[PDB]
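Asks: structure of the sequence below:
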Amino acid sequence: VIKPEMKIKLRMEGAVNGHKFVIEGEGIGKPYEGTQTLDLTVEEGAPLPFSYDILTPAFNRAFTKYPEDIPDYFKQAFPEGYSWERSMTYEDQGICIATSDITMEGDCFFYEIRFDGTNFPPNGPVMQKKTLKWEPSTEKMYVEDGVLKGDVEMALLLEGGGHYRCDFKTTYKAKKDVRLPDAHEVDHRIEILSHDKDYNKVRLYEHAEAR
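Replies: Residues are numbered from 1 along each chain as shown. Structure data below:
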């Protein structure tokens with residue numbers, strides 16, 4: 001039921017360091033090539049006082065190129081869909097939790113996303129918007145408790161050229177039983193292709209391939 005091109009519509013509600021916001025997104029991707037692009041718009045809470053980058057991995061592993069001999073936990077889960085739960089722990093004790101519930105109708109995915117962070121220092125790189133991009137990453141995927149888990153060590157490149165590290169832990173929960181894969185890895189690259197001055201409008205791209 002996963003077509004070679006799938007559309008995407010999403011809504012994120014959240015709060016970061018007490019600043020509430022709402023972002024909507026629409027876009028399109030190619031699930032079997034592991035690529036997608038979203039156009040995202042801040043609908044409430046503009047201008048965001050924090051780095052947009054902390055949000056971008058919350059904006060769907062159905063968009064992953066899986067080799068034909070690794071079971072695709074994500075494409076198998078449709079049309080019913082799946083949800084995920086993610087902790088993101090930053091090196092300066094900023095902490096975020098995000099969840100998403102992902103359904104489908106026809107050639108379109110729908111994401112209902114919740115995002116919350118707190119404890120970001122007011123002069124650190126997130127609240128001072130000093131981040132440039134995420135570095136390409138490798139997520140370790142493995143089965144535990146009957147579901148699929150991923151761990152990835154993430155790094156945000158900073159203005160002036162250091163890195164700001166974050167550990168991601170994700171639980172992925174299909175809504176029906178599916179064929180479980182062996183342990184494997186997903187390589188990612190995520191990039192903001194363009195944005196307006198205060199990131200009220202953002203074009204966001206991801207390429208992901210399992211190996």
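
Asks: from here on, contacts and neighbour counts on C-alpha atoms
Replies: OK.

Asks: buried set for stretch 190-197?
Replies: Using 16 or more other CA atoms under 10 Å as the test for burial, stretch 190-197 gives 190-192.

Asks: same thing with stretch 12-28?
Replies: 12-17, 21-28.

Asks: which residues does it contact?
Replies: Residues from elsewhere that reach stretch 12-28 (CA atoms under 8 Å, 6 or more residues apart in numbering): 5-11, 36-46, 48-50, 112-120.

Asks: that older thread, list just the nearest of the buried residues of stretch 12-28 to residue 101.
Replies: Checking the buried residues of stretch 12-28 against residue 101 by CA to CA gives residue 12 as the nearest, at 10.7 Å.

Asks: host element of that closest one?
Replies: strand 6-16 (DSSP states H and E).

Asks: on that earlier part again, so can I have a markdown table of the buried residues of stretch 12-28 showing distance to residue 155?
Replies: Below are the buried residues of stretch 12-28 laid out as a markdown table (distance: CA to CA, whole Å):
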| residue | distance to residue 155 |
| --- | --- |
| 12 | 23 |
| 13 | 24 |
| 14 | 22 |
| 15 | 22 |
| 16 | 19 |
| 17 | 21 |
| 21 | 24 |
| 22 | 25 |
| 23 | 23 |
| 24 | 25 |
| 25 | 24 |
| 26 | 26 |
| 27 | 26 |
| 28 | 26 |
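
Asks: how about the residues you listed, which pair is most distant?
Replies: Farthest pair in these (CA to CA) is 17 and 28. Separation: 31.1 Å.

Asks: middle-most residue in this protein, spatially?
Replies: Residue closest to the average C-alpha location in the chain (CA atoms, centre = their mean): residue 57, at 2.4 Å.

Asks: distance of the residue nearest to that one when sequence neighbours are not counted from residue 81?
Replies: Spatial nearest neighbour of residue 57, excluding adjacent residues (CA to CA, 6 or more residues apart in numbering): residue 190 at 7.7 Å. Distance of residue 190 to residue 81, computed by CA to CA, to the nearest Å: 23 Å.

Asks: same question for residue 194.
Replies: Residue 194 is 30 Å from residue 81, where distance means CA to CA.

Asks: identify the bridge partners of the spatially closest residue to residue 96 that is not a sequence neighbour.
Replies: Residue nearest to residue 96 in three dimensions, not counting chain neighbours: residue 117, with 4.0 Å by CA to CA, 6+ apart. Beta bridges link residue 117 to residue 16, residue 96, judged by DSSP bridges.
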